[PDB]
Each structure stands twice: as C-alpha cells, then as structure tokens.
Amino acid sequence: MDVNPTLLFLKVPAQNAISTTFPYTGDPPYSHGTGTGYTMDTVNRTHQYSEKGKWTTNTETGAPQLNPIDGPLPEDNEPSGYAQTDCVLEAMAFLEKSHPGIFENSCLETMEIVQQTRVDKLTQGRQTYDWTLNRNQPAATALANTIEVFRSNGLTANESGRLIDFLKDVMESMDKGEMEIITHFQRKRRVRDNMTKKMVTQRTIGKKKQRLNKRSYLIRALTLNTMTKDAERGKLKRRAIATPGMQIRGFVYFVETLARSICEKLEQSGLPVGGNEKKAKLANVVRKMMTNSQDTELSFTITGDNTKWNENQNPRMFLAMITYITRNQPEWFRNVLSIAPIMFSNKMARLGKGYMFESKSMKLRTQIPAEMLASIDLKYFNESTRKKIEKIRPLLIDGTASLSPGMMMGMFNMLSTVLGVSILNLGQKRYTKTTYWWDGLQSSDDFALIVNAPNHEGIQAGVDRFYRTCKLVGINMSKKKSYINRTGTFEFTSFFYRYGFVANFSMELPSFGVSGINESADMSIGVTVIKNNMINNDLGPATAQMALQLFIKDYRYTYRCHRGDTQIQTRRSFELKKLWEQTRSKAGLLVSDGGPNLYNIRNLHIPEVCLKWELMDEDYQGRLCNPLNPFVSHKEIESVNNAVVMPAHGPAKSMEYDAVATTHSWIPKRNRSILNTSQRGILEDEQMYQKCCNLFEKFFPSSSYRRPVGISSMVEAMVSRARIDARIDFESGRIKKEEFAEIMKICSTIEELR
Amino acid sequence: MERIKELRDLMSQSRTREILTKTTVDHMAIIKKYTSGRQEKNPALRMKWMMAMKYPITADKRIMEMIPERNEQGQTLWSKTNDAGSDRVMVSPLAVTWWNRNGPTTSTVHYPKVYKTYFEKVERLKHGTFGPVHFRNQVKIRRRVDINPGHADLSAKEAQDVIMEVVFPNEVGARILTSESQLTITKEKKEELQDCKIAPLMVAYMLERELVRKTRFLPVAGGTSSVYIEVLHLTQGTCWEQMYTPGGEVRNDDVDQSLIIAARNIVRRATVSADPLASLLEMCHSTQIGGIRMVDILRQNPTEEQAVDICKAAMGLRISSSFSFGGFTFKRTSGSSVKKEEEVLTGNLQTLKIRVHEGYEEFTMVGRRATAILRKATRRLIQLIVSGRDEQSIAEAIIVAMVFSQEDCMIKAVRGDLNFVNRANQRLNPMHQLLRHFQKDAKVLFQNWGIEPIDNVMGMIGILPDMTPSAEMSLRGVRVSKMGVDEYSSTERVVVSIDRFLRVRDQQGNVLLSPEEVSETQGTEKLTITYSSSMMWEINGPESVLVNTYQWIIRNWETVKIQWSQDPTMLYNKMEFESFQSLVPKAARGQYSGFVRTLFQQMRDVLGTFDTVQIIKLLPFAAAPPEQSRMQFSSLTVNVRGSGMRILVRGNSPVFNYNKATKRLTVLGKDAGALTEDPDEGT
Amino acid sequence: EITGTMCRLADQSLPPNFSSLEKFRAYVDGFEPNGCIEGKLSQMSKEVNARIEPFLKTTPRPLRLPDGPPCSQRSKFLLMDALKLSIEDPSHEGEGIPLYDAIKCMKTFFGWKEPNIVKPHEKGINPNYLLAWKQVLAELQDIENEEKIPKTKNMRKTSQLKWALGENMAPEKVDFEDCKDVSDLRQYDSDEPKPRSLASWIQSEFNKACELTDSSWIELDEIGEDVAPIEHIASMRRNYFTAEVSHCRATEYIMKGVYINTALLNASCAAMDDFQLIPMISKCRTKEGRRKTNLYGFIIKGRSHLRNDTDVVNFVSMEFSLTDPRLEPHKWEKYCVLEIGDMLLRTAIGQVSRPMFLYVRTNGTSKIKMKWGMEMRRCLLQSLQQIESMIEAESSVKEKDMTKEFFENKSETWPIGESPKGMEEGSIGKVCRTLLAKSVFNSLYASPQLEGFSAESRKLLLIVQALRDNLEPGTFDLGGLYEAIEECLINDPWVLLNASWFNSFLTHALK
RNA sequence: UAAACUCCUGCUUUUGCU
RNA sequence: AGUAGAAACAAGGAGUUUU
C-alpha cells in the first residue's frame, strides 16, 4: 500500500508530532563560494525598502549614505524602513509609563558595569574583523594587534587596564592621519653546514612600514566584514552575517549591556535568558490574557513573524532610543552609549571575497577580489549578478559599500527587541482607549501576538492598528509566514504551544554525541547533554537511554576504545586484556580506555571517574592519580570546564560540565595551514612567547587563576616581586642567607643588559 | 632561587625576549588567550577528522623524556615535529594508551578530598533510596532555583576572596577583610591543602566551585533544594513522577521551613473542605516530605508555627502558652486581666462586641518582622518599646498594638463598615475585622492617637503619624528603639483543644490560633512536598484544578456512577471535588450546590434523563453545603485567575467544552481523557 | 568628549533637519507624547493594512509540483535494490578487517560472467566504467593470491579511472590579469537548478524502507542496571522500540550510511593522494542470533584534498543489484549498469535463476556530507522522540502504566496508508518505522530544498490543524505562502515527494 | 618552453608586503 | 563526467631539469 507519514497528523495534533517536520538530521546547507553575491543582494535590498530618504554625503568618509527615517510614510504592504522619530520616542515614552522608572534605573547598573570592566571583556567572543590585516582574526589577536597600533602610534593612552580609555583613544585614533601600521613580508637567507659541507636556505620574515589617511583609516574603522550565515536551517537562500570591526564592539558591549538590562526588567523578551524562562514567559501571557476574559470576548492570537527584520531597522532610531532611555543621565555616560549607533549609521560593509571566473575555452579559473568591482568589464558577469552591481556601483567606496540604513546579522540584537516590545507595550488597555487591546512577546524577529476585542470587527480593527503601528518604526511583519487563530495555538521561535502545554522542538538535536573537545571531557559533556536536555529541551526517559546508548557507540568509534569482551580489533586490543585479567574490579574500569558502561539515567550528573571510583583496585586509579599529567596542560578558569557548543537560539553558548582532571583531557591539534601563508610571522615570533609568558606566570601563584593587572614591563614586573620575595625569605626561612646573596646578584645583572 | 636564572638566561639572546620586556600588563593579560588558531566552528567534524590522522593529540615536550617511542605492538606512539604555536609536540592516542597501562603510579589518598563535591553526589546516590512511580501529570514550574551553593552562603566575589587567601595570601587586595564567621572556616581550609598532597593550584579552585551559588532557571516539578536539584531529571516527567530520597544528612534548620509550607497547603485546603476536623488528619497519613512522612517530623519539632501547631493539635499534641493576634507571637511577662463583653460604636456607628481585658498587663510583641514590648491597661496602651527591621514593620507592630489596646480613639477612627467576611459559611471576630481595616489605611488612626513630647536619653526615639522618627515629639506611649528589644523568653507546652472550625482553645477557652491567624505568605519548597491524593492540583494552578478534576471523573466513572446512584453524600464529600470548591463563587456559595443536588434529585426521580453530559458537568458543584435560594441559579460562574469565566446550563462553554462526535472533553482548551461509550448507550 | 572627527559624523547620524547632536540630545529631553501615534495613522494610507481573509476548508489549493523530466537517483548508494553477498557467521576466515571480509563474499558467489553494459551512461564515457570494474575485479584478486597481507588497498591511476575520479579536470588557478581577453571568461553557472518532476520510484523507495526484514540490524551498547523504577519503565519502553527498529529496513540504510561515510572519512584522512578501494559492508545479526557479514559493493575513493569544509571527494560507487535498469529507466540517469553474474533463487512454488547487475556511478561527498552520514544514528533518536512524546499525549489519558497500553493491543489507530480502500490505519510498530523511514531520507536526500520547504510547509501544516480543530484560523496572504513553497520544490526526489504527500494530506485533512 | 620528480598543507587557502 | 545550487569543488602551495 502507499505509505506516507505526514498523514499521522490526522490523528495526532500537529503541535504534538511537529518534530517529524524538522529535517535536522541531514546536513545543514552550506554556502560554497562567497557572500559577495549575498552582501550585494542585501545592500540592494536595504536601499530598496528605504529608497526615499535623503541621500547625504558624509564629510570625513565620502560615503554616499542614505538617511531614510522620518521620511515619507509607506503607502503599501511592501516592507519599509521609514521609521518615525516622533513615534520611536513616543512608543517608548510609553515604555516607562507602564513599567515605571526603567531607564534611569537600568543605566545605573550600566553606569557601574562601565566602572568596573576591563578590556578583557571584549577579547572574548566570536572572531572579529581587525582593521590591521583586513581579515577575520579571532577576538584575542585582533585586540592584541590594534593596541600596539596605538603603541606604534604616538598616543597610546590606553594601557590603564580599563577599556574606557581604550574607548577614548579609538575616538582619538580618528584624529591622527599618519597611522603607521606594521607590515611583515617573507624573505629568504643563506647559511652553511659544517658537518656535511652543504649550503642550504632558511626562511625568515621581514618588516615593512605602511601608512593610512583619514579617508582610509575611518573606512577601515567603520568596516563590517560580511560572511555568509553558514549552517542556518529553514532557508533555501542564504544571508549575510556581519562581523563587526574591532573598534565597534567596544562601544557595542555597553549598548547591549544596557539593552539586555532593560529586557530582564521587562517581561516579554525571552531573549536575555535561555529557553526555559521563555516557556514561562510564553505561557505567562496566555493567562495574562485571561485576566480580563469577560463573558463574551474574542481573543485571537497571531503567530507573527517579521519579514526583512534586519534591513528595515536603522541605527538612526537606535540613537533615538538610547538618547531617550538615558534621560537626565551624566554627560559622559550618554555620550559613550551614543557612539555605537553613530558608527553603525555610517557603517561600510565589505563585499566579501569576490567571484570565481571560468574559461570555457582555455579551461582556466581565476578569482578577482571584491575591490575590483568598481572597475570591471561588466560582460564578465551573468544577467543576475550584473543587475546587482549596477544598483550599488555608486555605493562602492574603497572596496566597501556604504550601508547606513539597516542592520544585519551577527552585529547586535536586544535593543531593536526593546523597540519591538515597546509597540507590544502600547497595546496595554490604558494606552489604546478603545475596545481592542493586545499583548505578546518579541524575540529577535519571530514574535507572537495575542489581541482581544469583543467581535471579529474589533480584532480586525485591532490587528491592523498594531500592523500600522509597527509600520511607523520599520517593523514589517511577515504577511507570508504568519497567521491568526484563537488562543492556545501558536509558536514563538519554534516553541510550539498546544492548549497550554508546550512542545519545545526548537534546537532539536544537532549534537547528541561526540563533540570532541578532549577524550574524557567530551564524555563528561557528552552525558551532560543527555542530562541537560532531559530538563531544558525535554527528551524523555527512553530516548535518554537511547541517546546515551548510542552516544557511547560513537564515543568508541572516534576514540577506538572498544571493550576487551568484544574481541574486535583496532590499534590496540591485547594490553587492554592486561587490565581485564589483573584487576579484580573488572566491571569498574574506565570506559575511555575500554570499560563497561555503568552510566544510566540515575547518574548522569556524576562525572565519569568519580562514578568509577568506589570499585577500582588501587593500581589503576593510582595510575590515574599521577598529577604530573603530560596530557592535560592545566587550563585557565575561562577554559576550565567550558566548551563552546552552538544552539539555534543564539550565535554561541558556553556550557559547563563536571569534568575531573584525568589523563584523557588532552588538547587537540592546532591547524597547520598558517605555515603556508605569507602570514607565517604572526606565529614564529609569537609561538616562542607563550613558551615563556607562562614561565613568568609560575612566579605569580594567582596569575593562572586571576588576571594579573599591575605595572607594565613583565621583565620589570617579576623583579619587583623578586625583591619582596627576597626580604620575607631573608627575615625568616629555611634556605641559607648566603644563597640569598645569589638571589640578590641576578637583579642588577638583568639591568646590566641596559 | 634557580627559576630566576632562566628569567635572565633568555635575555642575552636577540630582541625576541626583549619585546617581552616591552609587553605590557595588558598585553600579557590578553595574549594569555592569544590564538593564532581560531576556535573551531564545528569541533565535532574536526574530532572525526583528526582522529583518523596518525597523530591527533598535542602532548607537551615532557613525553619525549618519559615515554618510549617504541612499544611492544608495532606502532609509533609520538612524533618529533612541533605543534604550530608551541614547543608542544604531537602524539598519538597510543601515548594515552601507554600512560594508563604503563605510566607512573602515585597513591594520593586525598585525591577524593580534591574533588569532594562529586563524591558527595555518589554518596547521595548509592546511599539514596528510590520510591515507586506516582503516575501524575507534569505541571512544571520554571523558576530560578539554586544549584550547589555550599557553605556559609557567601557572596560570589567573597567566595573568591577566601579562595584567594588559601591559594597564596599575598594577592588578596581585599579592602573588606572578612566577617567573624569566615575567620574560623578559612583556618580549617588552611591546613587541608597540605593535608591533600604537595598540591597543585587546581585543588584551590575546586574549593571555589563548591562555594559558587549558581541559580539556574529549570522546570522544577517538585522540591527545589540543593540536594534535589542535581538530580531533577531522575524524578520528574511525563505521565509520571519518581519519588526519590537521596541519602546524607537531612538538615536541621529548614526541614522546619520544608514543613511549614507543606502545612499551609493542607490548612488552606481544609478551609475550603467541608471537614477540616477530619481531612487535615486524613491528609497527614498520605503526605510525604522527602519520603519521611509528616507524621514522623511533627513530633520532634519544637518550632512554633500557626499552621504547624494546628497540624500538631489535630493529632493530639500540645502547643505553647503564647497567644497570637494578627499572626504575631505575644508573650505575657507580667499582669493579668479578666474578660468583659462590651459593645462599642465605631466611626460608622457600627456595634462591635469586644472582650475588654480589665487589668494592667505587660506583653512582649514579637513578630516575623518586629519585636516589641506592650504595656497594656484596661482599654488603654500604657507604654510600647518597639523594634523592627524597617518602618513598615513598625507600621504593622503599632497597628496590631493600637487595635488590641481597644481604645476609644482607635474605635472612633474607623472610616466605613467592616465586611471582611472571609471565604466561608460561618463568620469572623471584631478583633480581626479591626486589624485589616487599619492595616489597609490607618492615617486617620495615627492622627486621632495623640502626640506627645519625648526625651531621647539612650537612643529611645519616637515615631510620628507620617511614619517618621522624631527625637522631639512622638505618638503617645510608643517609643522606637535604635537597638533590639530584649526578649529571651521560653514558653512551656500545654495541652490545648481544637474544634472543627480550627479554633485553637486553651484550658480556659481562650482562642489561641485560627485560620484567620494563618499568614498569606506561600514560600518556596525545599524538600519535595508529595501528596498522595489530589491536593497538588491547586499548587499546579487554578487552571489545572478545573482540568484534572474533570479528568478524574472519567477514569473512575464506574466508581462514580454507583456512588451517583446509591450514596451521593459519599460522592459529594470526596476531598478531590473540594479542590474545585476553592474556585466556587462566594456570592453563589451554596447556591450552586443547592441546585445541582436537586437537579440530580430531579434526574434520580425521572429515571430517563441519564445524560452523562450534565452529570459530568455539574457534579463538582455539589461538594459545597447547599442552601435555599430563589429560582435564579443558572449563570454558573467559575473563577480562573481574576476573571469569573462562565459555564452555561445547556450545551458547551469555553470553560467546559464537550464534543459529541469526538467524545473528548475540552476543558479550558486542554483535552481531558476519553470517556467510554457505555454511559452514552444506556439509560 | 567627542573629538573633531567623530562629532562631525555625529551629525549625519541623526534624523533629517537635525544638524547637531547636542540640539538633538536637547530635543528628546523636552519630549512628551502629544498623541502622535494616531496623528500619524491619520496621515498614513488606509491601504497599508493587514486584513485577514478567513481560511476555510475550501481555501487551501494544493501545492503545484514542478514540471520537467522525471527525477534521478541521487542517494550515494543504492537503497531498495542492493544485494547481500553474505558470508554467514564469521568466526575464522571472516576476520575483523573489511577488505578480507570482501574477498570471502564473492568467493562464495559462484556464477560470474563477462561485463557487458546493459544501459549506458547517457553523457559519460561508457567503456571507462567497464574497464573500471575489470580493474578492481583484477585488483582485489591481487591480494588473495599474494600473502604480503595488506590492510587497505590502493588502486593505481589508469586512464579510465583518472576520468571517473576527476583527475586534473580542475581548471588551474591562473591570475586574472594573465588572460583577461578570453572571449568566454565568465562568472560560473549561477543559474537556477533545472527542474525535475515526481516519478513513481521515490515513493517505492519509501515503501520498502518502511517494511520489516528478517535481519536484526542494530546491536549496540549496554547501560547500567535498572534498579530504579524509571530505568525499569524506560528500558521496557526502549526494548519495545528496538523490536521494530532492529528489524526495519531503514536501519539497513543507517548502518550502511554510517559505515560508508565512516570509511570514506577515514580513508580521506590518510590517503589524500592515491585512489583507495573501500568495500561497503553491513553486518546483520539475524532473528535467532547467528551473525552475518553482508557485502554490497565497492567504492574507489578519488583524490581527497579537502582544503575547505565543502570541497568534494569524488568517488565511484560499484553496487551489486538485481533490478533491471530497463524496467524503469527514468531513475538511473546517473548510472552505468553492467551485468556481471547470475544466481539461483528459491520460489515458494518452484525455483528460478535470474541475472545480476552492477551499478557504477561517479559521485561526490564533501566533508560535511560524510560527517552527517556518521551522525545518521540520530535518525533513531528523532524517530524515538515522537513515540516518547506520543506517550505524553497519552499521559493524561490513562495516568498509569502505558507502555503496556500500546504494543500489547494491535489497536491499529494511527493513519499511515493511502490505498484504493481508503486511508489505512496502522499499529504503532508500523508507525515507528515510517517515522524512522522519514527520518532517514531526511539525511540521505538532504538538500537545501528540504530545509526551505519544511520551514514554510510547517506554517501551512499548523493552520490546517487549527482548521480541523475549529480554531477559526486566518492568514494574511496565503497565496503568497504558496509561492514560498513552490519556490523551493525544484529538483530533488524527496522534497517533490514530501509535497506530494502534503497535497495528499490536504485532500484528507479537509474531507 | 613541455614533461616528470622533490618538500609543506587539509577550518586559517578570506590577502598584505617586498 | 560528477558533485552541487544563485557559487563552488573537480588539490592548493614550493623546487628542479629538457624544441
């Protein structure tokens, strides 16, 4: 007979079996080539939905940017970023009138988070865009390259450990024209050999000077790198994700600090937390809308979504918000939050890599950079891409594209959500002064709305009042991907809701397996993922001892460590049996080297070796009790018990895991493609230094537990300790005070080297 | 000593080590995570990719000193290349094979003391005991609940402060030293590190880990305690709960606080229930608190709580000799008086028949928020030394003092009538009516009291009618102390008597404790409060009360139908339908039960209107005691949160929705069970 | 302070007619809501609206599938038509090594013939495939006659095998300024995919992946002892689950697809230059419990230099089949079917012999495609988690032991079938396989077209349930939602089947 | 100039030098 | 050819020798 499984929704309700319609089992779509065609199809789409603002021209930039807000009102259902400043302020002047005193309260923690934060808060995160090398360097090396730009510039003024003078000089860096950056290029030498009398070559790296301008640094200071959103699910196309620059996120950390602090004091943004508080907030307001549930009301919910949510923002009304939610605040504080919506409203996206061309005659390929797109024989392109260049060939400045309207992904959330919930604030009945009233929630772009009114004519008059309210601020709800129905059935970032009881089925299971960080610490996080998702993401009992049963089956395939009772063969089987026949504790031996699987769903929270400890005979764990451990390299507190495992709710999330230090917690291999780049000199200089920076960090005890923040000059820094190491050993100690004089003698001998 | 030479030996090399001279405080603070190699976007592929390389693992250069490159088998177990980015070399997993079968064997018996918290969990589990499955639905509550805070409840930075001392003391930088309680606990931890081994620094920041009070929002269907929070998945679920009692020391301080909250969910259940004199005894035999039942905990507990002592005195146990009024502990230190039954006219000329205490009496007013000494005369307050945490606690202590002194200034300060007729058929008392009025608003009471000058001698200041302290003038008789009121009193236990109305009477007949004295604070549980009946459905929520009640009728319908036909009074006095009657309108009290019991009596006499729709629909209403009413009893109003959402007499409703073709019951949306086809068929 | 570079660009950062930030900063402080919301709704168009049309049960038009040629086979091995060349119970001479497990299988196949092409590859060089199989049929016999005992086997680079493995067919990366004037130096083919249609075969792949088999395909690890009541109720719930997931043919395809992609990923990591040979082995435990080692065919890995995440490892898949390609040739447009042998079969009435083929096909995986075949065992989780969650919808119903409710009556209440006699309901053991067979094919045929389909085919799925539950639903432009699905139905056989189920769903959800 | 052999790399191969 | 889908891979990268 003909078999289809999608007919079992004829019996099971759709929100109870909705996980069958999540193809999260196959691979996600990847972008293959670039994002150059994807960035230009967003700089076009931003300047199409905002096409009627006045085209200014920036003074220090040369950018022909668009100034789209408080322009002509939209007069169709096509989305439009023409936001009304006298309604952005107005719809969140009603944010304080519902929840009183939010803004000056929430600034006051933000005025204290600004007064205790180092620069180290911005060196953690995603890979960023440095401006020195014009490339996605990761978040440490981009920060620790731009700082010695200032040191190789005249004015450092930043080395005081706090980031606000680091956020003073990034404004001041836009004053010094000659920005003498560092360039290193690769050369060769010629040495001899005395043993074999042969004369061979040797590789080394040179040094080169380079300078900038004020129409060349300011672009690179305001440059967003545009990647492609790899491994997004649920979209046939792709999209550009934006990587903010190095200077930008310093100001942006304070802006989302404030803006997250708003949403934790509000109660309709599920975003500042994880998914479990979101299920509370979701099912909160379905009951909050049964507060005024009269004898005859009609309450239709809206399973909303916002289409083109990122292009139809504008950081010019972000500046309108954070000028208003910092009312009567100090002058320095209102200023420092204000730089980030300024340098998003002059931001200049790069155009990615470029395009790969193909000869159908000479059988040759090549690829141009994205910068050559200002000057190309336009018949090199097919008919679709040729349309995309001509609509933004006026916008190419210095290989970038001036994109002042619109945000885009990977840059900033949680303040446009504050905007998006403030319209949902306005449906509170004290503000409507009519029979219809609404409330709901607002995620990043997927919202859910519940409106009520005493007949269908009221709801119809209540839905569009909301829709024409969101049009005043550039929030354009997806008329494709949204619908209305009565209460009890909606979704909200795929948290489906059936009459009261949510089925999660969002970030379903991309992992459930060996997410190899180590060999033990991906079992300790392995059995934690089955543990945590019995709580958070709601998998039941039998699938928890299936996702454990199979977790081990590919824990033993990646790490080859099958049992001895399986007589199958791999790189070792024989000396495992030495552990089998000698240890009287057969069934307590550890499983990262061929043991039984004592785990079940009574004991996931127990770690691996602390589970298998009250059974082992003294030899094995005593062979594991060796604290020398050439296989550990005892980490730092930010990296002790931290793996970066991505959900589908956010860009990244670190989650911890009870991992005992053991010989199986080793660090995996560094990638070696940097050895063949012409960027070798960023490694051979710096590979020698964490050999010896941690030789200093032996001499402080708390340096491997706390950040050491003192004077500069690491060589001068330990000798200040060495002479206070000296006297408390001199006044009292076990060692002789003549060997003290040897400790004395080294100190000036350091200074005898100038 | 010898470390410092190589700190110098590198320097006479090139300027490689002499940019490390230039490296800032900040630059070493940043280059400690300097990664030329980025964080892996997909580490799950890289582990599946690199484990097929012959050398996936980077092990540091000591392996070349201590591990052979030749084993007995035939494979080469390390490599002579360097890693990119270190002096670390690359090895195979046959190195880790070699070390765990042929490596050094060190016997540190205090390695359990390093990871002590994890071995506490094994101790909790191996010595823990399971209970059988209680098949109940999940109504989970999603609250920020603590995970493993540990000792002394110390602040998260202050947790790192005591760790910073014991790792090495010269890096503390603590402007605030410590409190007195931290001065002993760090001395014990001080010698324990030498007791471990010659120890790494990692033994220090695991002691840090048992002090971090992590509070993570989790759906907690059950108890929320740092002994039950680590399991949290073993216990709770879909059709089911798993009763789980982990081993270890059941605590002493707040099993009281575990028992208080479980008590109040039985007293408030009883006040809606038809028989508090039987049901609270009956629910003592089924409720378990962490496996240990309520019957076992109450006996060894000398903690005085209002609902707990009702649970004590129901079973035949004593209470103290301290009378309560407005939920405060009042101790008679001196004085005596007699009762006198007198009527007073209030400001609304309302007669309140009060018990006049004719005699000078000196009391100690101790509250949850205040501590005070009341000097009380016949219809008069003599003197009141009063303390409390804030001025709103002083507001409660004076208002309870101004009512009980029974003065004519308080009586003529009443503005309006008093109808705090509480949720019940009986009535109330004029003492408790006079509390709530001025606990709502007593500004006119504060002005009618009398204002006198005072003398501030030993920090004994006064208080003004606008609830402000003043050293110059104050309200008459009330002095507010800057220090705490000395109490130090203990009270002997006396056998006391109790009624059906939960009115706790002494040997003389003075009513000590009452459901009006029950405080309205509903705390956060700790030990899983597990009821064996259906009295968890209100904890679940008002919505669930309506759902699970019509659920329970369906499965046990053949129990109900015979109890429908034969003994409806046993059917009505079920305690599971008493969950419904907490939601019943009080204006419609007994009015609904009046009609349903007759509408059933209509259906028993006609023998042919056996319908199965309305029998399901109205049976929870007749659990209330019925009353005579007029003919208008047909707008059946059922409370959910705030709004009284109605059910109709005929057909369906949004609240109660029945579909005949589907034969499935929709109750405020949710589908409740499936009734069998037989009571549709017959008559 | 904002210096004399940023304060100047703090002016273009404003709304228009605001030429100074300090004026604008001193504009919002004197703000109070005049009522400019409905003052703007008085000024906006009355045409900007979100008017709801009702969503009746005569409203949903069915999805219109694309039109073109029928859709070709695209799974990277065969599915309904492989052949189990089996040596049963390997204790000695069937060892742990896959390559020596290869040799004993076709030594136990007696009837071999000469290679002759049955259907040609319609756009590839046909004799290169018949010389490819003649290489490996001589090359796998270059180790069973020679006792130097190798572990894996490397092909050597012929002229026919360099062709079918893309050897130096890559255009070499010139500089762009070397030859600009090339008349056909174009940007790549960035066009649409050429559409296909729905043919009868991808439905017939799913019927066979639904039905049971006589082998027991997954044997997997143990867990600790169930001395808790939750672990006794879940392991009874789980050993009821694998009573129809062991014997299900869609787990033959899991334990293939795990094994093919494992062996490809490991052989791509070591042998990054030469052309290894990889057999395709699945090990099937039987009903009673005697084991078996099936062989399905061989794979010749191409050059594997994977510098990106999605560079393609070309390879050539030789698979042993019994299905005549001339029976339904709208499927095997990518194959070059040879004919290599014959066996004797066993009929219930008599006995019959019938020939044997070999399906050769140039293929490719990325690293991503052959990672997500190694987590294909998570098809079992996603197919268990519904009948886990199909105890939650039955949780409140019975309030008792309820794994004892499902598998113990054959109360076949779940609609699965379509038939001439109507829809045909099934038991839960039938449903546990369909939800597994759906969940496998979401990984074999996993395209971007399946992602962008079921994102906005879910939002059409939810409201028909709102319509069947009489929730009075309403859209804004449902017609525009239908051109969000039919955008994504382009060319792959599974997504054109899911919509063809979905059109067969909308005609049963609305009667 | 066209052919072969020699070393590195498999996320850093996205691009700045001589 | 093949993979694939709005742009890609079909080794990149360094050395030497011969119209």
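Residue numbers (this note's numbering), protein chains in the order written: chain A, 67 to 820; chain B, 3 to 685; chain C, 11 to 521. Note that beta-carbon positions come from the ideal geometry of N, C-alpha and C, so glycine has one too.
Cα-Cα, which of the options is closest to residue i?
| i | options | result |
| --- | --- | --- |
| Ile463(A) | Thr87(A), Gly128(A), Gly799(A), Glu818(A) | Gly128(A) |
| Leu209(B) | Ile231(B), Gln162(B), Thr571(B), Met475(B) | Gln162(B) |
| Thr649(A) | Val352(A), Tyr621(A), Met682(A) | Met682(A) |
| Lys117(C) | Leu150(C), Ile107(C), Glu124(C), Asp91(C) | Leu150(C) |
| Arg773(A) | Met404(B), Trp80(B), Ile32(B), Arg17(B) | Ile32(B) |
| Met543(A) | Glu178(A), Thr91(A), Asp530(A) | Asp530(A) |
In chain A, which residues lie less than 7 Å from residue i when you measure between Cβ atoms?
| i | result |
| --- | --- |
| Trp382(C) | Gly92, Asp93 |
To which residues does DSSP link residue i through a beta bridge?
| i | result |
| --- | --- |
| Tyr246(B) | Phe132(B) |
| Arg258(A) | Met265(A) |
| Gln568(B) | Paired residues: none, contrary to the question. |
| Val513(B) | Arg507(B) |
| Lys652(A) | In DSSP, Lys652(A) forms no bridge with anything. |
| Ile228(C) | Its beta-bridge partners do not exist; DSSP assigns none. |
| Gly328(B) | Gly328(B) pairs with nothing; no bridge assigned. |
| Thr373(B) | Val368(B), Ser389(B) |
At a cut-off of 6 Å, would you count residue i as near the ligand PLP, judging by its Cβ distance to the nearest heavy atom?
| i | result |
| --- | --- |
| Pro339(C) | Annotation note on the ligand PLP: not contained in the displayed structure, which lists no ligands. |
Starting from the C-beta of residue i, find all residues in its chain whose C-beta is less than 6 Å away, skip the five residues before and the five after it, and write them out in chain order.
| i | result |
| --- | --- |
| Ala157(A) | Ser488, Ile489, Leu492 |
| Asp673(B) | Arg666 |
| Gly147(A) | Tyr115, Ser116, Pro134, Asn378, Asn380, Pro471, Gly540 |
At 8 Å on the CB atoms, spell out the chain A contacts of residue i, in chain order.
| i | result |
| --- | --- |
| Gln385(B) | By Cβ distance, chain A contributes nothing, its closest Cβ being about 41 Å from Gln385(B), past 8 Å. |
| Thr15(C) | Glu126, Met237, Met240, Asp241, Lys280, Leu284 |
| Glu173(B) | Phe766, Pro767, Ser768, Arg772 |
Within the same chain, show all residues whose beta-carbon is closer than 7 Å to that of residue i, passing over the 5 residues directly before and after it, in chain order.
| i | result |
| --- | --- |
| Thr189(A) | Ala205, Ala206, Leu209 |
Using a Cβ cut-off of 7 Å, pull out every chain B residue sitting near residue i, in sequence order please.
| i | result |
| --- | --- |
| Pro239(C) | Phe132, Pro134, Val135, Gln244 |
Using a Cβ cut-off of 8 Å, pull out every chain B residue sitting near residue i, in sequence order please.
| i | result |
| --- | --- |
| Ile243(C) | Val135, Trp242 |
Could you list which residues in chain C have their beta carbon closer than 7 Å to that of residue i, in chain order?
| i | result |
| --- | --- |
| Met55(B) | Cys279 |
* Evaluate the contact criterion for the stretch 522-534 of chain B versus the stretch 219-237 of chain B: three or more CB pairs, one atom per stretch, below 8 Å. => yes
* **Any 3 or more C-beta pairs closer than 8 Å across the stretch 54-72 of chain C and the stretch 479-491 of chain C** => A contact exists between the stretch 54-72 of chain C and the stretch 479-491 of chain C.
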